[PDB]
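Heads up, the chain below is alone and in the form deposited in one PDB entry; it's given as structure tokens.
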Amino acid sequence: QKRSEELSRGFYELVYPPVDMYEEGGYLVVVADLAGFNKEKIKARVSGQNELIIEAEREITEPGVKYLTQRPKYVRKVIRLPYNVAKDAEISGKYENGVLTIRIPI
């Protein structure tokens, strides 16, 4: 009546962060739940040409005795964009309440 193992940091690093991608107004908008990071270690870029890849890293200490460890240390989210844009442009963003909002001109 107990599972074999619990999801680990590795599992979440594989699938983190959850992202919504839609079109609203002028822009293509990307929204990511990315709690517990510092603004300076969050990165975004178009690569290969078609993709928006989001990257972030943080240190997580493992104090005292541990029972669960799931929170991702490193994040690498490859988002296949449906349209094209160069590899610069005005990709503007905000990071608030752990939510990363990326707006791309289009």
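Start at 1 with the first residue shown and count on from there. For the two forms, the rigid core is made up of the largest set of C-alpha atoms that agree within 1.5 Å on superposition.
Higher-scoring stretch by recorded Cα B factor average, 44-52 or 72-80: 44-52 has the higher mean C-alpha B-factor.
Mean C-alpha temperature factor, higher of 8-16 and 84-92: Stretch with the higher mean C-alpha B-factor: 84-92.
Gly36 by Cα B-factor - lowest, middle or highest third of the modelled chain: Lowest third, going by the recorded CA B-factors of the chain.
Modelled-residue ranking by C-alpha temperature factor, third containing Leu28: Highest third - that is where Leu28 ends up once the chain's C-alpha B-factors are sorted.
This protein has a second form, the form solved in complex with a partner chain, left out of what is shown; the following refers to that one.
Option from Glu96, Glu23, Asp88, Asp20 moving between the shown form and the other one, CA shift at or above 2 Å, rigid core reference: The only residue crossing the 2 Å threshold is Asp88.
Core-aligned C-alpha movement of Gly48 between the shown form and the other one reaching 2 Å: Yes, because once the rigid core is superposed, the C-alpha of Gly48 moves 2 Å or more between the shown form and the other one.
Closer or farther in the deposited complex, the Cα atoms of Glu23 and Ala86, when the shift from this form is 3 Å or more: Compared with this form, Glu23 and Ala86 lie closer in the deposited complex.
Shift in CA distance, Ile54 and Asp88, in the deposited complex relative to the form shown here, given it is 3 Å or more: Relative to this form, farther apart in the deposited complex.
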